[PDB]
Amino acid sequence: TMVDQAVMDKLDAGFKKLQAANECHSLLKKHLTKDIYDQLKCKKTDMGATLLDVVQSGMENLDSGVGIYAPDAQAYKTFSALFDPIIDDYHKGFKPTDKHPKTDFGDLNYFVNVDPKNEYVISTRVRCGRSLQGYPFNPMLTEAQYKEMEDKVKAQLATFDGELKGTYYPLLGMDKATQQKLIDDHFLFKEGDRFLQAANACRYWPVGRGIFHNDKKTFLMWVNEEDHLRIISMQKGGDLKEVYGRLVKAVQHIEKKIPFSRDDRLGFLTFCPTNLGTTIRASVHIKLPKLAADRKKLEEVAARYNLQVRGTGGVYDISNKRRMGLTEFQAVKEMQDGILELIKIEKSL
């Protein structure tokens, strides 16, 4: 029972503002009805998060797309009357009684090099995210938790095997020449914009924040950016088998000693409700000169595999749209199958 009336007064003011804002089209404004507001405004999670710790960013930033964040893992349940319709809306059909499948990275030998002669795919990447069991998310973390959590992660990164071993760089104390190198690599992150700041998601900066890469720079992690961990495997060319296998290996090593926050209904729990489920985004940068000239066909084929196409002479970033309701294996399989099909069509034009 949230009993802090000064919190409730800020919520009331924020709700009135939301209601009065006719230009606002956030999912928060859409789905925080008076009935739901009144049901949730007096609730709190065990780690002490209130409704304000969920909604404050969308109340301050009326131009938010979604406008809510999870302050801890429990908030998805405590405030399910708001999270559930927003999840349904954003993920395009994931109802309150729907359930995300159990994790399955699947058969790593299903995956192939989708472009063995290096004719199309410039690079391949697979990214996932995790929250660590026992810790709140960015809106509630204290400086001491950021530190203690970073220590715990660093210790596991230090025991990676030969394929994954590398260098951890704290943001605290980072020199200018190192920062520029990491910028050149596209490996640096920095403090978040107004949407994150209003969520109290960059507090105690840069305590607990850091970057890891393996020696060959085919594996990258961010510690305490928008989730506890962001884990990315990448390389030039089209060897999805190698990229995905490296990601699965790394996650398994971390998890040996650090449990993750996973929910039976929603999958892996994240700070932003847009990144639930598998958390996986598999992508290729690919050059398809002939399909470039028939964008309608490129989009039609992509859509059959639930892939998204974004332009960057026919260079595209092609990535999986789906996060909820499928396994990690399925997600990466549909990417593989869709890129193989696009390449077959390109060759046929």
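Numbers for residues come from their place in the sequence shown, where the first is 1.
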field: Unresolved deposited residues in the interval that joins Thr312 and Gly313
entry: 4 to 9
message: Mean CA temperature factor from the deposited coordinates, higher in 243-251 or in 156-164?
response: 156-164
query: For the stretches 338-346 and 2-10, which has the higher mean C-alpha B-factor as given in the deposited record?
result: 2-10
task: Would you check the entry's CA temperature factor for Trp222 and let me know if it's in the chain's lowest, middle or highest third?
output: lowest
message: By the recorded C-alpha temperature factor, relative to the other modelled residues in its chain, which third is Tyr90 in?
response: highest
- prompt: Which third, lowest, middle or highest, does the CA B-factor of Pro96 fall in along this chain?
  reply: highest
task: State the tercile, meaning the lowest, middle or highest third, of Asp193 with respect to the CA B-factors recorded for its chain.
output: highest
- prompt: Hey, what third does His186 fall into on Cα B-factor, ranked over its chain?
  reply: middle
